[PDB]
Amino acid sequence: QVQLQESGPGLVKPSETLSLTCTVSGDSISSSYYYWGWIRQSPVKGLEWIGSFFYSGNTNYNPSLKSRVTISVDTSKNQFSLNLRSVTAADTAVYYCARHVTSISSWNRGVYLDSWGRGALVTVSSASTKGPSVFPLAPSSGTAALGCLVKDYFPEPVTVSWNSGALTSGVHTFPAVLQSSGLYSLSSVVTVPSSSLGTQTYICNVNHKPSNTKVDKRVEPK
Amino acid sequence: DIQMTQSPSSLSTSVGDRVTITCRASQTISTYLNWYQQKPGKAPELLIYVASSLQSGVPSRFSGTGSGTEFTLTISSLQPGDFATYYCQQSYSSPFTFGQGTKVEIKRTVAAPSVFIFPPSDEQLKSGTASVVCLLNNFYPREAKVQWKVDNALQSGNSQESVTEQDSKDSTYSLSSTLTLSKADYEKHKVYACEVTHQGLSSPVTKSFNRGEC
Numbered sequence: 014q015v016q017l018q019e020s021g022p023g024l025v026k027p028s029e030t031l032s033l034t035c036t037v038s039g040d041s042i043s044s045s046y047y048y049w050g051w052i053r054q055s056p057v058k059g060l061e062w063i064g065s066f067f068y069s070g071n072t073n074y075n076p077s078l079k080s081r082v083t084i085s086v087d088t089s090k091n092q093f094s095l096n097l098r099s100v101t102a103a104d105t106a107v108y109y110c111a112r113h114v115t116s117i118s119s120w121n122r123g124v125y126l127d128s129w130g131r132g133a134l135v136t137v138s139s140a141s142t143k144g145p146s147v148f149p150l151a152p153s154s155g156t157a158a159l160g161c162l163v164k165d166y167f168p169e170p171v172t173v174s175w176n177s178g179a180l181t182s183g184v185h186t187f188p189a190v191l192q193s194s195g196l197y198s199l200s201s202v203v204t205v206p207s208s209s210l211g212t213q214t215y216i217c218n219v220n221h222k223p224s225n226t227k228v229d230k231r232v233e234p235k
Numbered sequence: 603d604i605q606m607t608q609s610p611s612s613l614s615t616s617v618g619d620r621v622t623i624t625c626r627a628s629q630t631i632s633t634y635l636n637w638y639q640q641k642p643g644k645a646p647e648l649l650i651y652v653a654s655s656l657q658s659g660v661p662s663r664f665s666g667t668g669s670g671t672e673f674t675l676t677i678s679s680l681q682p683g684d685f686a687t688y689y690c691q692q693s694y695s696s697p698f699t700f701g702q703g704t705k706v707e708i709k710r711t712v713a714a715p716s717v718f719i720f721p722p723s724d725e726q727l728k729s730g731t732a733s734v735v736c737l738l739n740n741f742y743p744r745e746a747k748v749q750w751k752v753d754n755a756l757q758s759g760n761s762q763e764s765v766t767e768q769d770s771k772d773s774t775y776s777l778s779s780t781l782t783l784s785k786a787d788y789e790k791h792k793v794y795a796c797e798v799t800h801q802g803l804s805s806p807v808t809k810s811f812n813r814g815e816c
């Protein structure tokens, strides 16, 4: 029914202010039965409600963050925003914007979260952004495996596609691993018919938006 | 304020089986209890709101019951695409709080992994590092053992692995194991071998290459 999309920096230095914006498509920000708020998720704390902005203009923040949180709306641009001040590593998480729907008219209780953004990962760290190096995983001489090694980037995430998205069947893009260097690394592999090696071209497209890195890498049998 | 506890914390069941998830609230929350499903890499999606109302577009095998402190989410016939973590959330008192989640895993027949090994590329070697990657593709169950041997000397501490989440269509896992050496250390040995042990394999499977050969 409605589509939400977070935007904002993926890397914030400790003690500075994290800022995210949700853009809403498909209906207006203003309403008399739904409103807007934010959720975050991390591996050890799980899901955590941050706060909301009622359609009457009233804000409601989680007491564990309340001193540091501000939520605002922009009905002209159909957006609403999150500011989280004086962040630390404890604020690294995936941040979701979510539509709050009242089940009883004018009532703050019984609300449910209709639609969520895709999630914006924010890493709080003093380290600098680094784009990845992309190396081929060459297929070996019925079914062959090839891939791309996406190595030494910061911060998360990278996205990998194959042949500009025309190849999806048999693709496995592994979860990134944090190396002892503090940099991330992952592999994306795909299984293909051995007959297609030599007739079919295989390109992996790696995108790392924190560093503005876009790399296309052609993967050949040797 | 109000704490939510789910049970079980994790379960593994076959396709077509009934799944029962229980959520308990630390105080009475009437029917103000929502259920969410989160699949890998995706945001949570609303399944059931106010304890029992099915969200538009959610298949009818999902249903919710309960009031007061005890709530239940039921899946009448588990499907491969239903692999997810399921969350309850009380909406009675601010701040809204979520349960810790129940991870639902699909139990399928055993499937042995297909093993591939990849040498480092010359582009990476010239930059001074060697990454050797071992791929285990499309296996079940998730438990697997990968051992690196370099000129028959077992390696330790110089590899990291990564496992995909369960595939939404065939319910298998894939795993990568990456061995990392400096170029100097890489050029000191010839045979690089990845040795895989898995319930689907009658005996361990080894894939290897000789450095500098093709």
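In the order they appear, the protein sequences are chains C and X.
All residue numbers for the first sequence refer to the numbering used here, where the first residue is 14 and numbers rise by one.
All residue numbers for the second sequence refer to the numbering used here, where the first residue is 603 and numbers rise by one.
Virtual Cβ for every residue (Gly too), placed ideally from N, Cα, C.
Cβ shell of residue i (< 8 Å), same chain only, five flanking positions each side left out
i: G211 of chain C; result: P234
i: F93 of chain C; result: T34, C35, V37, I42, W49, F66, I84, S85, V86, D87 and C110
i: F718 of chain X; result: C736, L737, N739 and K809
i: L613 of chain X; result: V621, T704, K705, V706 and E707
i: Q16 of chain C; result: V37, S38, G39 and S128
i: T667 of chain X; result: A653, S654, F673, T674 and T676
Limits of the beta strand (DSSP E) - the one that residue i falls within
i: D229 of chain C; result: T226 to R231
i: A133 of chain C; result: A133 to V137
i: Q749 of chain X; result: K747 to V752
i: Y788 of chain X; result: Looking at the DSSP string, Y788 of chain X is not in any beta strand (DSSP E); the run it does join, the alpha helix (DSSP H), is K785 to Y788.
i: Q213 of chain C; result: Premise fails: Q213 of chain C is in no beta strand (DSSP E) and is neither H nor E.
i: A158 of chain C; result: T156 to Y166
i: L17 of chain C; result: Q16 to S20
i: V184 of chain C; result: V184 to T186
i: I708 of chain X; result: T704 to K709
i: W49 of chain C; result: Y47 to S55
i: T667 of chain X; result: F664 to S669
i: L196 of chain C; result: That residue, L196 of chain C, is in no beta strand (DSSP E); it is neither H nor E in DSSP.
i: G64 of chain C; result: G59 to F66
i: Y651 of chain X; result: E647 to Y651
i: residue 5 of chain C; result: Only positions 14 to 235 of chain C appear in this structure, which leaves residue 5 of chain C out of reach.
i: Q762 of chain X; result: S761 to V765
i: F673 of chain X; result: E672 to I677
i: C690 of chain X; result: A686 to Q692
Own chain partners of residue i with C-beta closer than 6 Å, once the 5 adjacent residues on each side are dropped
i: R744 of chain X; result: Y775
i: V114 of chain C; result: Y47, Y125 and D127
i: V163 of chain C; result: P145, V147, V171, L199 and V219
i: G160 of chain C; result: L150, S200, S201 and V202
i: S174 of chain C; result: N218
Contact check, residue i vs residue j, beta carbons under 9 Å
i: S654 of chain X; j: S662 of chain X; result: no
i: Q608 of chain X; j: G703 of chain X; result: yes
i: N91 of chain C; j: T36 of chain C; result: yes
i: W62 of chain C; j: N71 of chain C; result: no
i: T699 of chain X; j: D603 of chain X; result: yes
i: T142 of chain C; j: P170 of chain C; result: no
i: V135 of chain C; j: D104 of chain C; result: yes
i: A140 of chain C; j: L150 of chain C; result: no
i: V748 of chain X; j: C816 of chain X; result: no
i: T687 of chain X; j: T624 of chain X; result: no
i: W750 of chain X; j: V734 of chain X; result: yes
i: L680 of chain X; j: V617 of chain X; result: yes
i: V100 of chain C; j: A133 of chain C; result: no
Contacts around residue i, its chain only, beta-carbon distance under 7 Å, and the 5 residues preceding and following it disregarded
i: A714 of chain X; result: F741, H800, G802 and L803
i: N812 of chain X; result: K792 and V793
Distance, residue j Cα to residue i Cα
i: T181 of chain C; j: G670 of chain X; result: 46 Å
i: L777 of chain X; j: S45 of chain C; result: 49 Å
i: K709 of chain X; j: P27 of chain C; result: 43 Å
i: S729 of chain X; j: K641 of chain X; result: 38 Å
i: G701 of chain X; j: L756 of chain X; result: 43 Å
i: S77 of chain C; j: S55 of chain C; result: 15 Å
i: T156 of chain C; j: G64 of chain C; result: 51 Å
i: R131 of chain C; j: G643 of chain X; result: 9 Å
i: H185 of chain C; j: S773 of chain X; result: 13 Å
i: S153 of chain C; j: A786 of chain X; result: 24 Å
i: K79 of chain C; j: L191 of chain C; result: 32 Å
i: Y634 of chain X; j: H221 of chain C; result: 41 Å
i: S177 of chain C; j: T226 of chain C; result: 16 Å
i: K771 of chain X; j: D40 of chain C; result: 33 Å
i: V712 of chain X; j: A746 of chain X; result: 12 Å
i: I52 of chain C; j: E19 of chain C; result: 12 Å
Where the alpha helix (DSSP H) containing residue i begins and where it ends
i: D724 of chain X; result: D724 to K728
Any non-hydrogen atom of the ligand MG within 8 Å of residue i CB
i: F187 of chain C; result: This structure lacks the ligand MG; in fact it carries no ligand of any kind.
Using a Cβ-Cβ cut-off of less than 7 Å, list which residues of the stretch 715-735 of chain X approach chain C; keep chain order.
-> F718, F720, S723, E725, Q726, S733 and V735
Members of the stretch 161-174 of chain C that neighbour chain X once the beta carbon cut-off is set at 7 Å = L162 and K164
Quick one: which residues of the stretch 749-778 of chain X get their C-beta closer than 9 Å to a C-beta of chain B? List them in chain order.
-> Annotation note: the requested chain B is absent from the structure, which comprises protein chains C and X.
Under 7 Å (Cβ pairs) to chain C, residues found in the stretch 633-657 of chain X = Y634, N636, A645, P646, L648, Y651 and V652
Between the stretch 678-706 of chain X and chain C, which residues of the former have a C-beta closer than 9 Å to a C-beta of the latter?
-> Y689, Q691, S693, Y694, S695, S696, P697, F698, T699, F700, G701, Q702 and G703
Listed in chain order, which residues of the stretch 124-138 of chain C have Cβ atoms closer than 7 Å to some Cβ of chain X?
-> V124, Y125, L126, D127, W129, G130, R131 and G132
Could you please tell me which residues of the stretch 40-62 of chain C, in chain order, have their CB closer than 7 Å to any CB of chain X?
-> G59, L60 and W62
Contacting positions in the stretch 781-815 of chain X - beta carbon closer than 7 Å to chain C | none
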